[PDB]
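Okay, structure first, notes after.
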Amino acid sequence: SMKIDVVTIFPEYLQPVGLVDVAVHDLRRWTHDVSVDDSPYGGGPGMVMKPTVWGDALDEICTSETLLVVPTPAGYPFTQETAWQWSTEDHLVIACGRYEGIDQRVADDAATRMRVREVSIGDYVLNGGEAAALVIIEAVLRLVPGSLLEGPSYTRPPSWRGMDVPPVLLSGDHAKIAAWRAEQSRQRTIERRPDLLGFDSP
Amino acid sequence: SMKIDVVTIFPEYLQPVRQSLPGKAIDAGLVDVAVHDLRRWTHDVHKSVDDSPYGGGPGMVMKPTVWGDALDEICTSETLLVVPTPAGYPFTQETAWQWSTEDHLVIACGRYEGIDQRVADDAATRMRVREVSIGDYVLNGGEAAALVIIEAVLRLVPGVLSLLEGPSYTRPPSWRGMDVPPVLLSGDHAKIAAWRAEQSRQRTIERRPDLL
Ligand SMILES: CC(C)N1CCN(Cc2ccc(Cn3ccc4ccc(-c5n[nH]c(N)c5C#N)cc43)cc2)CC1
Ligand SMILES: CC(C)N1CCN(Cc2ccc(Cn3ccc4ccc(-c5n[nH]c(N)c5C#N)cc43)cc2)CC1
């Protein structure tokens, strides 16, 4: 059983969402002035989300048992191992940042009370944490109770536009099929992800 | 000026993209994102998009005939066809930069075990095709990957949307017993830059030693 709370200033973005429930919260619900961001101390372009409103939101939503997940391009990598680890958690809270990110003290303060994980879903830049939250939720939820790249897959018809399904796949020879699929997998891995086999990246 | 077509059996999943597009960019004709239900191209009354895998095994494979028709209609020779797949080449910021100058992206979202390989192979004989993965985790299908790709690419298109960055701070200067690092308030901007560089170095070593 898992509860996931997502906190964001763009709740509309999270709409692509019995053993698990997901709730989306508008961060602005915790403001009292009639501004969630300001210029960074030390200078630089763009804006930083103030810790104040985040603190109030997380105070209400989180407990000491919560795993606080904070997407950030500067995070530890989020991988399938991470997804397995998080799949048995009772409560994930995903704090989605915007602008140039969230004041570091939010994560620091939270860590005095609960476990906090700053993670990145990949080596590219997004405009905010929301798309990352969707990826994280999908990867985690498909593992909730109740190495090499996959090779190519085929289905009917056996000939299409003059392109044949590899004849071994029609042979019914399980061992030959297993061996061919292993070869395709190791072949694809060397070409596309040599790092997975401990080789230099292109 | 970019057109993105997305093909998926879950068009409602692509709602956030439409949500994040500024009216100014659309009205300026800088971007157009269209989402297409793959079932529009099915052949049968049951609107079938999947079938059992040759060679056996669990799961299902998306049908080449349906996908072939969809891509035939939507793609041209100038299209960059993007196919998310857990077996893809890595999608990185370099990829996003390259794709940000394209006239036409088509993103083919798979489900189940993926798409019959002949779809991409056939397409590759008359347009540029890119099978890519957005990270080392497993999703249910290509839609969440498409959301990530679209955002990373479009934010590099003017006015449409190394080391790790260290921590950032803003007001108030003191909060829950934690002061902003005094160096940031020092007015010594060479020192501030050096402090930020060291923070970046330390964070990269701790979180991403692979980048070093
Ligand atoms: C890699 C560094 C060297 N460069 C790049 C980052 N630059 C700063 C910068 C630029 C934009 C944003 C937008 N933003 C706001 C909140 C937020 C949360 C997650 C993500 C996010 N992006 N990519 C991922 N894999 C993410 C995850 N998970 C992005 C977010 C935040 C921060 C600085 C330079
Ligand atoms: C990774 C393999 C070694 N093992 C794992 C589990 N099985 C493979 C398997 C499992 C689920 C799916 C679901 N699926 C259908 C279409 C599709 C497109 C993209 C993605 C996707 N997942 N992760 C990414 N970074 C992606 C991207 N981009 C996933 C997709 C497709 C394939 C078998 C083996």
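Remember, it's 1-based here, ligands and their atoms both numbered in the order they're listed. In what follows, every chain begins at residue 1, and chains take the letters A, B, ... in the order their sequences are listed.
Under a 4.0 Å criterion applied to the non-hydrogen atoms of B/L163, ligand 1 contributes the atoms 3 (C).
Within 6.0 Å of atom CG in B/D103, 12 or fewer heavy atoms from other residues, nucleotides or ligands are found, so the atom counts as exposed in its surroundings.
A/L170 is linked by a side-chain contact (heavy atoms from CB on, under 4.5 Å) to A/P158, A/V165, B/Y54, counting only residues two or more places apart in sequence or in another chain. Residues satisfying the side-chain contact (heavy atoms from CB on, under 4.5 Å) test with A/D108, not counting sequence neighbours, are A/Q104, B/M178.
Protein neighbours of ligand 2 below 4.0 Å, counting non-hydrogen atoms: A/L148, A/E150, B/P84, B/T85, B/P86, B/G110, B/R111, B/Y112, B/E113, B/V132, B/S133, B/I134, B/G135, B/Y137, B/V138, B/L139, B/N140, B/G141, B/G142, B/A145.
Sorted by first and then second residue, the pairs that involve residues 112-139 of chain B and meet ring-ring contact (aromatic ring centres under 6.0 Å, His included), not counting sequence neighbours, are A/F78-B/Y137.
Side-chain contact of A/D5 with A/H91: a donor-acceptor pair under 3.5 Å is present, judged by distance alone.
Proximity of a side-chain donor or acceptor of B/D50 to a complementary backbone N or O of B/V61 within less than 3.5 Å is not detected.
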